[PDB]
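Listed below are the residues making up each chain.
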Amino acid sequence: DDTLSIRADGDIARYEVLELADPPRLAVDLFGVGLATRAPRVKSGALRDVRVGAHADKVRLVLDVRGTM
């Protein structure tokens, strides 16, 4: 209730975090990562929900929110 913690364990990482609105979202981009089946352990950290993808970079994690953070 005080705060939800999202933990990503790996060798890296360079990251960037930013916000989006309509709907309110928090987005993290991780570099030096290729998307993998372990991405599902990500379900632990939603966020109304969490979606993850990649575009020949660079993985993007998107957290829809239930309240301003």
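Residues numbered from 1 in each chain as written, not as in the entry; some residues may be left out. Part of a larger assembly, values for the part shown. Heavy atoms only, no water. Residues with missing side-chain atoms left out of burial classes, pairs and counts.

Per the PDB record, this model was obtained through cryo-EM.

The protein chain is annotated in the PDB entry as PilQ of Myxococcus xanthus DK 1622. The PDB lists this entry under the title "Architectural model of the type IVa pilus machine in a piliated state".

A.B. asks: I would appreciate a short explanation of the overall build of the protein chain in the present structure.
C.D. replies: The secondary structure content of the protein chain amounts to 0 helices and 4 strands. Secondary structure elements of the protein chain, listed N to C terminal, follow the sequence β-β-β-β. For the protein chain, whose C-alpha radius of gyration is 12 Å, the value lies close to the compact-globule estimate of 11 Å for 69 residues. Principal axes of the C-alpha set define a box for the protein chain whose edges measure 30 × 20 × 20 Å. (Helix = DSSP H or I, 4+ residues; strand = E, 2+ residues; numbered from the N terminus. Rg over C-alpha atoms; globule rule 2.2 N^0.38 Å.)

A.B. asks: Looking at this structure, how should I read the sheet that holds strand 1 (residues 14-20)?
C.D. replies: Strand pairing in a sheet is mediated by backbone hydrogen bonds. Such pairs are either parallel or antiparallel. Across the sheet, which stays open at both edges, the 4 strands sit in the order 1-2-4-3 with antiparallel pairing between neighbours. Single-partner strands in this sheet number two, and they are strand 1 and strand 3 (49-54). If you compare each strand with its neighbour and ignore which way they point, the axes differ by 15 degrees on average. Bridge analysis of strand 1 against strand 2 (residues 25-31) gives 7 bridges, and the strand direction is antiparallel. Within strand 2, the position partnered with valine 17 by the bridge is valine 28. (Pairing = 2+ DSSP bridges. Axes fitted to C-alpha atoms, helices over the stretch in contact; angles between N-to-C directions.)

A.B. asks: What is the right way to look at the environment of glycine 53 in this model?
C.D. replies: Of note, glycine 53 is situated in strand 3. Setting aside chain neighbours within four positions, we find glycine 53 in contact with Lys58, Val59 and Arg60. (Contact = heavy atoms within 4.5 Å.)

A.B. asks: Honestly, the pairing of strand 2 in this entry has me stumped. Any pointers?
C.D. replies: The side chains of a regular strand alternate between the sheet's two faces. Hairpin connection between strand 1 and strand 2: a loop of 4 residues separates the two successive antiparallel strands, and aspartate 22 in this loop has a positive phi of roughly 50 degrees. Pairing analysis gives 6 bridges linking strand 2 to strand 4 (residues 59-64), with the strands arranged antiparallel. Paired with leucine 26 across the bridge in strand 4 is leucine 63.

A.B. asks: I keep staring at the pairing of strand 4 and nothing clicks. Help me out?
C.D. replies: Pairing geometry for strand 3 and strand 4, over 6 bridges, is antiparallel. Looking at strand 4, one finds that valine 50 is bridged to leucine 63.

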